[PDB]
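Undergrad: Sharing a structure below in structure tokens format, with a few things to ask.
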Amino acid sequence: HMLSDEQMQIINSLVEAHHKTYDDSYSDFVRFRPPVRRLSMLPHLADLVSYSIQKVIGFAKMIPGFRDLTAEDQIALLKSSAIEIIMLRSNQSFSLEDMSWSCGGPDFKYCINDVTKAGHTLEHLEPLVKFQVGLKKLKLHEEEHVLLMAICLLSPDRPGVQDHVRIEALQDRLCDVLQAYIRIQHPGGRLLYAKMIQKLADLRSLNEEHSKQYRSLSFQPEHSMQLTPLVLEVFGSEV
Amino acid sequence: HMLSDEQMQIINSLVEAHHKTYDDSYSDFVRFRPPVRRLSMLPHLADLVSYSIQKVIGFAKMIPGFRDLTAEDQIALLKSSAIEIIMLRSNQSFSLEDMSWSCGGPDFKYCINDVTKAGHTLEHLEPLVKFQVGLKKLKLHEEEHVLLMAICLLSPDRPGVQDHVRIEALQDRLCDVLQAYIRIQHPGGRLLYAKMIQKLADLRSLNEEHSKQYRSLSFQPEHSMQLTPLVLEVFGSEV
Amino acid sequence: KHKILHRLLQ
Amino acid sequence: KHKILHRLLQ
Ligand SMILES: C=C1/C(=C\C=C2/CCC[C@]3(C)[C@@H](C(CCCC(C)(C)O)CCCC(C)(C)O)CC[C@@H]23)C[C@@H](O)C[C@@H]1O
Ligand SMILES: C=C1/C(=C\C=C2/CCC[C@]3(C)[C@@H](C(CCCC(C)(C)O)CCCC(C)(C)O)CC[C@@H]23)C[C@@H](O)C[C@@H]1O
């Protein structure tokens, strides 16, 4: 009926974690290869995605008990979740007012069209935008935003995971915190937790559609060369 | 005592080749990750080097009878020569007035210091600058500049070459053209050809010192990740 | 395999 | 091996 002590400790860690790995000014986007409006956005977007991965890794390392997993599983989880964790955190810059990620502009205002000039079809971009709007409409306290990413990341059924027992464990502990937080700290959170867990499955689907169109993109050398070593590594098949 | 017909044809091809693969305005340097004055120049310089490789490949493909080699040897030659071909072509932007490559500025004016902020020691940069000044003092007609790169590239003793007989052949044919050109078209070219061939061996040495400090640079993942797929591929060990 | 990731995970 | 180079050499 009230939040635990080991539960505040966890929430504090996760919010600080996200605070140190997400910039609301986006003041590193200048260091990326410029955006261009072939696949003119690919260089820029690949630089953006590569950058984000490094941040996700920063965040992940600060999720409680994550450093305690085997290096192998840590990799298995990053590799599988990475992309979803990004769609998640990107919502923070998504804008329903104009339906586009605004990290600046007109340079850094990414719309569905841009991601097209990077090798993706509208027939597959549509659901990602839909996912963004629904997520944005949930008006999440940052506590929930953070727990959601930390839970999404610890999702037990990732291809390549070994100790799926302890992973469902640290994710269950997190879910407790979330359900407790909404009930206790969120006025009118009756249906929220459910809606949130609903989002996770929207991600599995979005993740899939990506793996497909990225595979096709990564198999053309003229395109793969536009990527970064990290991207190639994280979305690669090596095991 | 006068230039052949099959010899003008060759010179024409090589000059057009260099004309279509080298830009005197350097108007693509804006598309690179910005330069920064750790290893702040590495991102920019890696983008510059990657760009240059693609150009060298463009040039190489237009060298006469190069398309007639096996895909394997073409690779073996690019991999070994690439770096030297770059030091060669860079001279065109090097400036004795200020001893630095000026492709713009203050942004694109690269000095010895910059290449330091990219993972190389002065105790090894010194000879490259020396090589640039000597080369610049030879005041080469572009015909000679081009033949020099086309000869350097066809250098027969590259690690990994198979048909070293036909390669010494197409390079001998080129050398004829060069010696003929200087004697016939260059007033006071008595000692030139020799000085030029002298430069090639300066390159083998500069090439070596690079392979060493790049190996050390490429073995640190925090650094290799700053590179490009092409660089990694071209300076890699795969066979 | 996974040179960079290992490194990034201190 | 040498995916990109092959491609770049038409
Ligand atoms: C990331 C962040 C930001 C935006 C995210 C975007 C905008 C551009 C397009 C992105 C990056 C989507 C694309 C990018 C994939 C390109 C690549 C790697 C070359 O296959 C993935 C979704 C592709 C689908 C599944 C839609 O087909 C996912 C999230 C989208 C900006 C800021 O919020 C930081 C955050 O950190
Ligand atoms: C290239 C071109 C230009 C400059 C060349 C430079 C300036 C920067 C430093 C460079 C690129 C040298 C370095 C770069 C190596 C960096 C890397 C790949 C991260 O290990 C190589 C020499 C290193 C030594 C041997 C000195 O230790 C070689 C030539 C130098 C500009 C223009 O002329 C186009 C040309 O096309």
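The chain as shown is numbered from 1 upward.
Here the Cβ of each residue, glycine as well, is placed from N, Cα and C on the backbone.
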Undergrad: Looking at B:40-48, B:49-57, B:229-237, which stretch does Swiss-Prot describe as motif '9aaTAD'?
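TA: That would be B:229-237, the stretch labelled motif '9aaTAD' in Swiss-Prot.
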Undergrad: Across the 60 residues missing from the deposited entry, can you see how many angstrom lie between the CA of B:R37 and the CA of B:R38, as a whole number?
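TA: Unmodelled segment endpoints: Cα atoms separated by 10 Å.
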Undergrad: Near ligand 2, which of the binding-site residues B:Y22, B:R89, B:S93, B:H210 are found, taking a Cβ distance under 6 A to any of its atoms?
TA: B:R89, B:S93, B:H210
Undergrad: Taking the Cβ of B:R89 (calcitriol binding site) as centre, how many other Cβ atoms lie within 10 Å?
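TA: A 10 Å sphere around the Cβ of B:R89 (calcitriol binding site) contains 20 other Cβ atoms.
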Undergrad: Kindly assign B:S52 (calcitriol binding site) to one of the three DSSP-derived states: helix, strand or coil.
TA: helix
Undergrad: Identify, in sequence order, the residues in the chain of B:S52 (calcitriol binding site) that are 6 or more apart from it along the sequence and have a CB within less than 8 Å of its CB; answer 'none' if there are none.
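TA: Listed in sequence order, they are B:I86, B:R89.
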Undergrad: DSSP on the region 'Interaction with coactivator LXXLL motif' (B:61-79): how many residues come out helix, how many strand, how many coil?
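TA: The counts are 11 helix, 0 strand, 8 coil.
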Undergrad: How many other Cβ atoms are found within 10 Å of the Cβ atom of B:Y22 (calcitriol binding site), counting all protein chains shown?
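TA: Summing over all protein chains shown, B:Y22 (calcitriol binding site) has 19 other Cβ atoms within 10 Å.
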